[PDB]
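**Student:** One structure, pasted below without further comment.
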Amino acid sequence: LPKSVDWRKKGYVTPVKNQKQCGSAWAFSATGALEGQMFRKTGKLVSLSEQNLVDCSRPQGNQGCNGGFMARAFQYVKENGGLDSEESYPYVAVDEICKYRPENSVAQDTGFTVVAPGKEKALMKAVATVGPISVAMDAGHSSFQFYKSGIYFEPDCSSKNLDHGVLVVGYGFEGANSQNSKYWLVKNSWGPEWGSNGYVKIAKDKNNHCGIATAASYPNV
Amino acid sequence: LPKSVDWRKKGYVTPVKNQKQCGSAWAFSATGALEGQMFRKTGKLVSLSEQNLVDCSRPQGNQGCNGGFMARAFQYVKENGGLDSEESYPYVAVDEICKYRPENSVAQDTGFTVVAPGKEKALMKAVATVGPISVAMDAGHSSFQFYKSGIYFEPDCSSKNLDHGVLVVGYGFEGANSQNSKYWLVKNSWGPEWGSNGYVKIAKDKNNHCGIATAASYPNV
Amino acid sequence: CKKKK
Amino acid sequence: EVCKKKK
Ligand SMILES: [Cl-]
């Protein structure tokens, strides 16, 4: 596998978005992964509607701003037959009535694939061959809110208690040697000011730090 | 006009590039604008050759790595009949022999349109109705070199003596009021590591800050 | 598991 | 004013 991967360099990733005061990270993580897969299928990068997911996917088990799951989001897109563009269905960071219109849909999926749980090498292989991957992580620590740069390593991080959904867009390493100071390249949904540019380098191959490889998946397009 | 526009979310914009030690920003700004207009015309996003412009547009008045102007580049593309892809005419950041190949051309323009100088409302109308717009700006400040987050505002910025070419890919605002804390979304050519993933928010409706609306133009395709 | 807010 | 090239 490549020593480094960065799907942003290849056109797979939309700009950093901001969920604001709505517990909708699961929706941003799912649209990030579907955006990468729809791009690989069509050559066209089109931002998808988190608000469509927040307002419409309660039947699949999501709870809007009260939380949800990326896999249930991909299940909604499958059952619904489509998912609207963000341009047509803007984000307002509150729970609202579903306004989905098929004429505005720009994405579809047939289900989703789960990465072998707990296995960072399985996630490295999925990232290298598929594109961006949705993942769950433990973001429940003040060090995460205040993160600015460098490889994030939180001693109290859990790989099982996962309260946040984010997007792995790549992996890399700091310094001349490919095997040390390794990290996952993670797109967050807290705006471009958080993390200096909205991304965080999470320690890689350090025992599934913060659970990045515990519950990783991507839509089937 | 729309309260906000972000052409990156519609597939019009290539990933951030890096001009390195060569004064070729005018070339990156021009290929960025032509990339957006070719996408609007064909639905296909194809990275364009800045090296083609650096090496071949001296007759039109450009000076390669010593500087140039986006309108002279769009004039070159018109007189030349074409512009090669980035893949077929790679970037090497030094002045080289013109190797333009018509068989590798993936873009054309019939000339260019100029935005009324100095008018940010005219630039806003161009950005909203056309796509990404090439603009000149005053980037001669350490505050720009070390920019990372927020709306950029530099007291020493000039609106008339401009040393850099960049691409306005949209505009937006912070907060809930669309009529204040406004910004221009600007793509730079200093690599993704610079700024916010290669981008900067420049203060909008603050008296043509840093000259963004002084010398704006777009190719006609 | 728990919801991913 | 000055005629700066856009480097
Ligand atoms: Cl110009």
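Within each chain, counting starts at residue 1; across the structure tokens, chains are named A, B, ... in the order shown, with ligands numbered 1 upward in that order.
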What residues of the protein or nucleic acid chains come within 10 Å of ligand 1 when you use only C-alpha atoms and all ligand atoms? Reply as a PyMOL selection string.
**Tutor:** (chain B and resi 26+29-30+68-74+114+134-136+165+214-218) or (chain D and resi 5-6)
**Student:** Taking only range 44-151 of chain B into account, list the residues labelled strand (DSSP E or B) by DSSP (computed from the backbone), as a list in words.
**Tutor:**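 These are the residues in question: residues 48, 66, 83, 84, 85, 105, 106, 107, 112, 113, 114, 133, 134, 135, 136, 137 and 151 of chain B.
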**Student:** Show me, as CSV, the residues of chain B having an atom within 6 Å of chain A, each with the closest atom pair and its distance in Å, using only C-alpha atoms.
**Tutor:**
```
residue,atom,partner,partner_atom,distance
B:9,CA,A:47,CA,4.9
B:10,CA,A:46,CA,4.9
B:11,CA,A:45,CA,4.4
B:15,CA,A:9,CA,5.7
B:149,CA,A:193,CA,5.2
B:196,CA,A:197,CA,4.7
B:197,CA,A:197,CA,5.9
```
**Student:** Can I get the selection written as a PDB file, in the first residue's frame, with C-alpha atoms?
**Tutor:**
```pdb
ATOM      1  CA  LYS B   9     -19.510  22.700  -3.829  1.00  0.00           C
ATOM      2  CA  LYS B  10     -20.755  22.442  -7.420  1.00  0.00           C
ATOM      3  CA  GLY B  11     -17.682  20.745  -8.973  1.00  0.00           C
ATOM      4  CA  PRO B  15      -7.748  20.956  -5.773  1.00  0.00           C
ATOM      5  CA  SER B 149      -8.463  31.413   9.971  1.00  0.00           C
ATOM      6  CA  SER B 196      -7.176  27.297   5.291  1.00  0.00           C
ATOM      7  CA  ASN B 197      -6.630  24.225   3.033  1.00  0.00           C
TER       8      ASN B 197
END
```
**Student:** I need the residue nearest residue 2 in chain D from this list: B:80, B:177, B:220, B:161. Use only C-alpha atoms for the distance.
**Tutor:**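 Looking at the shortest contact to residue 2 in chain D, the residue is B:161.
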**Student:** Which residues are close to range 56-63 of chain B, i.e. within 12 Å by only C-alpha atoms, leaving aside same-chain residues fewer than 4 positions away? Reply as a ChimeraX atom specification.
**Tutor:** /B:22-27,49-52,67-80,82-84,89,94-101 /D:4-7
**Student:** Just the selected residues (C-alpha atoms), exported as an mmCIF file, in the first residue's frame, please.
**Tutor:**
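Okay, this is what ended up in again37.cif:
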```cif
data_model
loop_
_atom_site.group_PDB
_atom_site.id
_atom_site.type_symbol
_atom_site.label_atom_id
_atom_site.label_comp_id
_atom_site.auth_asym_id
_atom_site.auth_seq_id
_atom_site.Cartn_x
_atom_site.Cartn_y
_atom_site.Cartn_z
ATOM 1 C CA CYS B 22 8.008 31.062 -9.520
ATOM 2 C CA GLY B 23 6.004 34.323 -9.839
ATOM 3 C CA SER B 24 3.242 32.504 -11.737
ATOM 4 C CA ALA B 25 0.168 33.239 -9.623
ATOM 5 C CA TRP B 26 -1.358 35.054 -12.638
ATOM 6 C CA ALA B 27 -1.170 31.699 -14.496
ATOM 7 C CA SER B 49 -1.615 23.805 -17.631
ATOM 8 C CA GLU B 50 -0.085 26.795 -15.834
ATOM 9 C CA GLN B 51 3.313 25.857 -17.407
ATOM 10 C CA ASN B 52 1.722 26.256 -20.875
ATOM 11 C CA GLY B 67 5.030 37.883 -13.349
ATOM 12 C CA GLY B 68 2.095 38.309 -15.657
ATOM 13 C CA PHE B 69 -1.583 39.164 -15.908
ATOM 14 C CA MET B 70 -4.662 36.997 -16.171
ATOM 15 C CA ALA B 71 -6.215 39.030 -19.018
ATOM 16 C CA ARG B 72 -3.005 38.534 -21.065
ATOM 17 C CA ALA B 73 -3.316 34.842 -20.373
ATOM 18 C CA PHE B 74 -6.906 34.670 -21.552
ATOM 19 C CA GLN B 75 -5.797 36.703 -24.619
ATOM 20 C CA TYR B 76 -3.055 34.043 -25.297
ATOM 21 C CA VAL B 77 -5.589 31.223 -25.046
ATOM 22 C CA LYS B 78 -7.808 33.034 -27.565
ATOM 23 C CA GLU B 79 -4.991 33.783 -30.074
ATOM 24 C CA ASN B 80 -3.502 30.375 -29.583
ATOM 25 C CA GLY B 82 -6.300 26.231 -27.080
ATOM 26 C CA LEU B 83 -4.652 25.431 -23.746
ATOM 27 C CA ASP B 84 -3.186 22.082 -22.700
ATOM 28 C CA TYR B 89 2.034 19.928 -19.886
ATOM 29 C CA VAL B 94 10.780 27.651 -14.006
ATOM 30 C CA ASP B 95 10.635 29.398 -17.400
ATOM 31 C CA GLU B 96 10.950 26.789 -20.153
ATOM 32 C CA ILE B 97 10.572 26.372 -23.951
ATOM 33 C CA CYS B 98 7.011 26.667 -25.182
ATOM 34 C CA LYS B 99 5.788 23.121 -25.891
ATOM 35 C CA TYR B 100 2.151 23.852 -26.607
ATOM 36 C CA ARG B 101 0.517 20.822 -28.376
ATOM 37 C CA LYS D 4 3.009 45.585 -10.531
ATOM 38 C CA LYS D 5 2.973 42.195 -12.306
ATOM 39 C CA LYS D 6 0.877 39.592 -10.494
ATOM 40 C CA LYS D 7 3.578 37.229 -9.298
#
```
**Student:** For a test of reading the model, state the distance in Å between CA of residue 18 in chain B and CA of residue 188 in chain B, rounded to one decimal.
**Tutor:**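 Computed distance, CA of residue 18 in chain B to CA of residue 188 in chain B, equals 8.5 Å.
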**Student:** Which residue is closest to residue 5 in chain C? Choose from A:128, A:33, A:137, A:122 and count only C-alpha atoms.
**Tutor:** A:137
**Student:** Can you pull out every residue within 12 Å of residue 176 in chain B, counting only C-alpha atoms, but drop anything in the same chain fewer than 6 positions away, and send it as a list in words?
**Tutor:** residues 20, 92 and 93 of chain A; 3, 4 and 182 of chain B
**Student:** Would you mind listing what lies within 9 Å of range 139-146 of chain B as a list in words, with only C-alpha atoms counted and same-chain residues fewer than 2 positions away left out?
**Tutor:**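 Once the adjacent positions are removed, what remains is residues 137, 148, 152, 153, 154, 156, 157, 162, 163, 164, 165, 194, 195, 200 and 210 of chain B.
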**Student:** Let's have the selection written as a short mmCIF file (atom, residue, chain, number, x, y, z; two decimals), in the first residue's frame, with C-alpha atoms.
**Tutor:**
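Dumped to again_8.cif:
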```
data_model
loop_
_atom_site.label_atom_id
_atom_site.label_comp_id
_atom_site.auth_asym_id
_atom_site.auth_seq_id
_atom_site.Cartn_x
_atom_site.Cartn_y
_atom_site.Cartn_z
CA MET B 137 -4.92 41.43 -4.84
CA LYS B 148 -4.84 30.59 8.94
CA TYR B 152 -8.65 38.46 6.63
CA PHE B 153 -8.34 42.22 7.13
CA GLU B 154 -4.95 43.96 6.82
CA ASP B 156 -1.75 48.09 5.20
CA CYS B 157 -3.58 46.43 2.27
CA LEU B 162 -1.57 44.67 -6.47
CA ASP B 163 1.09 42.02 -6.65
CA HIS B 164 -0.77 38.73 -6.75
CA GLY B 165 -3.44 36.88 -8.79
CA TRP B 194 -1.00 27.49 3.20
CA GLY B 195 -3.98 29.23 4.77
CA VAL B 200 -8.60 32.50 2.57
CA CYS B 210 -6.80 44.33 -0.78
#
```
**Student:** Between CA of residue 118 in chain B and CA of residue 151 in chain B, measure the distance and give it in Å to one decimal.
**Tutor:** 19.9 Å
**Student:** Could you tell me how far CA of residue 129 in chain A sits from CA of residue 178 in chain A, in Å to one decimal place?
**Tutor:**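 Between CA of residue 178 in chain A and CA of residue 129 in chain A the gap works out to 18.9 Å.
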**Student:** Kindly indicate which residue among A:21, A:81, A:1, A:91 lies nearest to residue 55 in chain A, using only C-alpha atoms for the distances.
**Tutor:**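 For residue 55 in chain A, the nearest of the candidates is A:91.
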